[PDB]
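First up is the structure itself, then whatever we jot down about it.
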Amino acid sequence: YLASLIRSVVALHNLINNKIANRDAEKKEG
Amino acid sequence: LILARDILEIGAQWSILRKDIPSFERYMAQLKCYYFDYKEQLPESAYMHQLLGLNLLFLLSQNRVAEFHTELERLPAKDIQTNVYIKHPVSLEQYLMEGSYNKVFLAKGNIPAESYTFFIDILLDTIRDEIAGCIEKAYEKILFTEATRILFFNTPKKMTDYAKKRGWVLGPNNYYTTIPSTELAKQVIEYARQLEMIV
Amino acid sequence: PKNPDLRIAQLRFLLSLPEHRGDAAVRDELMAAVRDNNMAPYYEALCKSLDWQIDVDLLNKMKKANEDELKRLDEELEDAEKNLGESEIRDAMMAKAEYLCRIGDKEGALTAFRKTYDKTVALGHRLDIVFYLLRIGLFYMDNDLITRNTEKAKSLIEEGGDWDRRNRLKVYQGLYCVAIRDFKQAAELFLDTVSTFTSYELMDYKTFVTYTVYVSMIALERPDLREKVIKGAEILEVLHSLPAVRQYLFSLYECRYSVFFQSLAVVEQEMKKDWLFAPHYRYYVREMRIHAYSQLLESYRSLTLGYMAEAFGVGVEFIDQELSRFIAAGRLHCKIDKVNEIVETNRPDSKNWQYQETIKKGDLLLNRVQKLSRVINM
Amino acid sequence: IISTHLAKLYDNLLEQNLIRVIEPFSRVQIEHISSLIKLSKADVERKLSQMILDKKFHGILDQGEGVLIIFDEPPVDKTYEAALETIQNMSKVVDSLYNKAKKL
Amino acid sequence: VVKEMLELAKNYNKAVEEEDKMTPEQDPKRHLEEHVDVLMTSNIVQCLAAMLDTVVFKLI
Amino acid sequence: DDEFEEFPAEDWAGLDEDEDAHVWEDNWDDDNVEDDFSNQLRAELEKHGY
Amino acid sequence: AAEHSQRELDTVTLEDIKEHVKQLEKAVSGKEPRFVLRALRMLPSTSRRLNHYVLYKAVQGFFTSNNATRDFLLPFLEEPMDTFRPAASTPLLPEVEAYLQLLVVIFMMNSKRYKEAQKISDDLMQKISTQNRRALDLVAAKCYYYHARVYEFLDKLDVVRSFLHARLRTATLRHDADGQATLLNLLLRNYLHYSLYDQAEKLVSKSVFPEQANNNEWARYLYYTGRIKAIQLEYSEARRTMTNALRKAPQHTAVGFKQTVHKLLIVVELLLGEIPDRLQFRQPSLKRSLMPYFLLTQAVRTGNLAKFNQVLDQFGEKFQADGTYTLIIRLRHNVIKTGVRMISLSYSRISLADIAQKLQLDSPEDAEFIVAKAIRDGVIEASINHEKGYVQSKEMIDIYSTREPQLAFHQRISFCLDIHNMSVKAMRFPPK
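Chains as they are written, first to last, in the authors' numbering: chain Z, 261 to 290; chain d, 141 to 316, 337 to 359; chain Y, 12 to 389; chain X, 318 to 421; chain c, 244 to 268, 278 to 312; chain e, 16 to 65; chain V, 59 to 141, 147 to 149, 154 to 499.
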């Protein structure tokens, strides 16, 4: 529970940041 | 289509008369494709509900409660509580589902037509075998006398034959883990695998 | 202004079995009428009883005479003079609280008090309306207005003075009361405030301590509540002042369930006549039963139903019935045997309870994270 | 001021007697402890119930047969105490991540 | 380690709450991550080792 | 997201008046029938003495 | 005055739809799937407006290659008398034309006109049957869904069965997900709508739903299979699936969806003996709608046959209206099992005479038979001692030191590991 759920949440947090970062990069580019 | 439907209706009621189930099912399915699904051009047969009830009771006779319930859903709602040709199925099967088997033993003679007893009898055997299974998985030890009383085998010899037919035996006084360390070890090795070998 | 609930909770709204429809309560309300003449308590009376009596208009005559006189005074001093801010206009509003609120209705005085709130600046007037329409929402059953007033008083008003909102938990004492609001914060501020009442306008101190006891024992069963309500000073003094509630509390604390049940019945009966009554009296009297039972089951592994009846009041059969309807609710962990007559308690140890709590909180978090991982990354 | 004080002292000394004895025992009949302590069955039963209810003496009473049981609660539960609170901590983290998703 | 994970997770929640009011402009996240990794390896090794000890070091 | 228009998005009639519109959330045991508390105790206790 | 606001809203919707079309083209650019669900995600919000002037301007701007497909909508389309290509004669992207035809269909649909919408949807599918591009598979899923929405109010769902079957097989061959999910959900609705529950169940068993399918389609499929197995008597899996779907159900919208799901989960639960939580009978969006089912649940928990009969006679139209009248028949016949369920949860042991007294069974043998049937199923765990009359329940052994926590934790940690792995695979770094 502890370390595995924490790792999953951390991975998801790293995911969404990229998805914003990719979205922001696209917007800066239309 | 009236001709073909009557062919299959006479054939199905003859299967009632001829007493063959494997053909009975096929007559049932084909004329179900002929009774009430998408037909709509033939006049309402006076013998629709009769065989809806017969087919439902047959389906109950071989422990097909799910399929039986689907066929119950098929027929219209105005007739479950009104049309006696299916009020006799629905009443009996409701008593079955509630567990009021004795109500079934009282109402076995409440059939609306003589073309019911043929599988009323085999329903009587279906309920008794289901009840026997229930007693076997309900009790730890069950006495000879009370078993004969509740097994619905009026002849004690019949009760003894039905007892030998199963592994559920008479009893002496007439009174009938580890750490597997492999699958869990496989689990922890799998966890390590999902941690290792990169993404 | 309008202290004794105008008896409207007990007058003709508490009829039938408690039968309070015409009695000395009628005389008390008509005394609070002939002084401070009223037709607002007659609203449900125009429909049910005391509708169109001779006195209704035989007092209407000079009630209207006096009220036009007073509002005319307020007008002429508001228009002939130009008093500003906290001024005679505020006097018109507070009179119209003693008036039209206590003449015909709140609504026009809601208009007047909102207008003077836009006019006046200080917090005393708005807290005056806070308790005015709070008690009004007790009379006419308004709650959105009351919670708006409380949020205004706390979040933004309470940056100068303080000390007044605490006794306004009465509305929360009867807002979500059947659920959490008869207690928890409804006690922790009562317990916070019981030392310093300073709000005799809303109710007498004795009734305040009775309410405090009622909310405290439901809030805290024995979570070292003795440090706050039993060992408390002012509470103990007023319990010395009120023997009935003192017995009602100490019986629970001292496990005198035989007399605690009689005290619970008595408090329930006197409880059916309050602002508290209508929402949660059923809930309070069921919950206290749960608490007393669970208190006995604790420190106990298995109990004979005979000793259950003998030491917990009475009723072997009654205790099976009540304990059954209560375990069926899932609370009061215990498993009961028949004519063997054993009541096996099955409260999980902290370890198994921790495992179950893990399963629950996990499954909730896993549901949330699964939904998140599914909406994200498609 | 002397009735209350001495009643409190009597209760406290009853407690001290009941803890200073029963240390040898793990499962002793209430009749034995009452005869060794010279109280009535009901009064000593109520006193033991009060003692356990106050968590002054760890145990539980099986009145269905009429015996007092003794045990201890292992404090290893601290790991689960940390676990659950960290669980709702990550729950609030997930809520903030949900808000960040609403940003997207 | 689970207590340290507590405190690191509280720091993570506070930092992430700040992140939302933060356009691109010691992280509790990394320290949390290596704490998770150490707990991972230690606990999984202990479980697996105990279970192999159950199997190979058997009376039979 | 699909509003599931395949399902008739059931209009709540004409958003008519509810029961009480309270914040008083209850449980399943609050809707049973009881008959006060004093009478329960006494009527159950005269069979043994009060 | 009204014309000015209408023109401004028409211009903003034209720009939004232009953004959608440009989004289709830069999705077909880059040869990638996705960024087209970014296109179709908010078609409800844009379909909210759907004025005539904006549609006509979009048609005249992005169908500069005037074809017969544009000349078929024009007869039924009402073009403004008095009234933009973002510009050469490059051939139109098939995804773009399909999307534009989709909005034309939806405008022609929301205006209560069905037959011409039927024909135009048919011609939309006749051309989409010719394309073999994955860029026209996620669009095609939503074209199929809105087409079946067009057809639903025209009461001709049966004729669509062959087409949906063929396109579902086409999707399965091409390993489509969005089209496959939409077609499977729509065809399950087709089978259940004509009460072909056996057919739908048999189709379900041999069809595997894609795990990558979008959340809402997954919720729809879960609902459909849950209804199938609930009327198929698989109550435990039924309730599990509807709880999952409600967890996947949208919180704000899908009021009708959540209402039907709540109703069927209530009946499934109390058929299994579980009592639905009262809070779901309290939200304003569900209170009065479940008020018939709320009275149902009140009668079920009270269990009095008189109030039960009055509730049935008063709300049978609602009971059948959801296809639950047979379900409520089984409900009326399982309330007794429910009663036995709380009886056994409360009591470790109970004499069958006491069972008959608390349940009004009027017979110890009747109580024996009913309790035996109930304990046959996984409702009550006990050990009946007919030597004395005990219904002694199984010893509640410690859940810890019983390997059950290990299995539950193994499943949960596997779930977290899959979540982490899928998250780390879905990082999706860009080229530049």
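Yeah, the Cβ is synthetic: ideal placement off N, Cα and C, and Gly gets one too.
Start and end residues, beta strand (DSSP E) containing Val-393 of chain X: Premise fails: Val-393 of chain X is in no beta strand (DSSP E) and is neither H nor E.
Exposure of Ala-59 of chain V, with buried meaning 16 or more beta-carbon neighbours within 10 Å: exposed
Proximal residues to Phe-208 of chain d (C-beta, below 6 Å), its chain only, five neighbours per side dropped: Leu-196, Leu-199, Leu-200
Limits of the alpha helix (DSSP H) - the one that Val-163 of chain V falls within: 161-177
Whether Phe-374 of chain X touches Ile-336 of chain X by CB criterion (8 Å): yes
C-alpha distance - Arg-179 of chain Y paired with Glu-260 of chain c, whole-angstrom precision: 34 Å
Any chain Z beta carbon closer than 8 Å to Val-411 of chain X: yes
Buried or exposed by the 16-neighbour rule on C-beta atoms within 10 Å, applied to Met-168 of chain d: buried
Cβ neighbours of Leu-200 of chain Y in the same chain (closer than 7 Å, five flanking residues each side left out): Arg-177, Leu-180
Minimum Cβ-Cβ distance from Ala-190 of chain Y to chain V less than 8 Å: no
Buried versus exposed, by CB contacts within 10 Å (16 or more), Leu-231 of chain V: buried
Same chain, Cβ closer than 8 Å to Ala-85 of chain V, five either side skipped, listed in chain order: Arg-92, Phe-93, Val-94, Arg-96, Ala-97, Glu-162, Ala-202
Beta strand (DSSP E) segment containing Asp-379 of chain X, residue limits: 377-379
Chain-ordered neighbours of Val-348 of chain d on chain c, where CB pairs are closer than 7 Å: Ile-296, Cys-299, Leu-300
Element boundaries [beta strand (DSSP E), containing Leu-385 of chain X]: 384-386
Three-state secondary structure assigned by DSSP to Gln-181 of chain d: coil
Closer than 8 Å to chain Z by CB, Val-380 of chain Y: yes
Segment limits, alpha helix (DSSP H) that includes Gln-202 of chain d: Here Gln-202 of chain d belongs to no alpha helix (DSSP H), and DSSP marks it neither H nor E.
Pair within 8 Å by beta-carbon distance, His-189 of chain d and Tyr-241 of chain d: no
Listed by chain order, chain c residues near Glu-402 of chain X by CB distance under 7 Å: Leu-249
Residues of the segment 441-472 of chain V whose Cβ lies closer than 9 Å to any Cβ of chain Y, in chain order: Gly-456, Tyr-457, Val-458, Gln-459, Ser-460, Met-463, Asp-465, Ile-466, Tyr-467, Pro-472
Neighbour flag for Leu-414 of chain X against chain c, beta carbons, 8 Å: yes
Contact the segment 284-291 of chain Y vs the segment 303-311 of chain Y: 3+ CB pairs below 8 Å: no
Alpha-carbon spacing of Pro-29 of chain Y relative to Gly-185 of chain Y, whole angstroms: 21 Å
Distance, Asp-44 of chain e Cα to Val-458 of chain V Cα: 26 Å
Alpha-carbon to alpha-carbon, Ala-51 of chain Y and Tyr-211 of chain Y: 24 Å
Interface residues of the segment 289-323 of chain V facing chain Y [CB-CB below 8 Å]: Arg-314, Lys-315
Residue environment, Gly-64 of chain e, which counts as buried when at least 16 other CB atoms sit within 10 Å: exposed
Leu-291 of chain d, DSSP secondary structure in three states: coil
Boundaries (first-last residue) of the alpha helix (DSSP H) holding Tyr-174 of chain d: 161-175
Segment contact, 8 Å Cβ cut-off, at least three pairs: the segment 348-364 of chain Y with the segment 460-471 of chain V: yes
Beta-carbon contacts of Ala-217 of chain d that lie in its chain and below 7 Å, excluding the five residues immediately before and after: none
Contact list for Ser-264 of chain Z against chain Y, beta-carbon separation under 8 Å: None at all; the shortest Cβ gap to chain Y is about 11 Å.
Cβ contact (3+ pairs, closer than 8 Å) linking the segment 209-226 of chain V and the segment 244-264 of chain V: yes
Proximal residues, the segment 267-279 of chain Z versus chain c, C-beta separation under 8 Å: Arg-267, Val-270, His-273
At least 3 beta-carbon pairs within less than 8 Å: the segment 106-113 of chain Y vs the segment 74-87 of chain Y: yes
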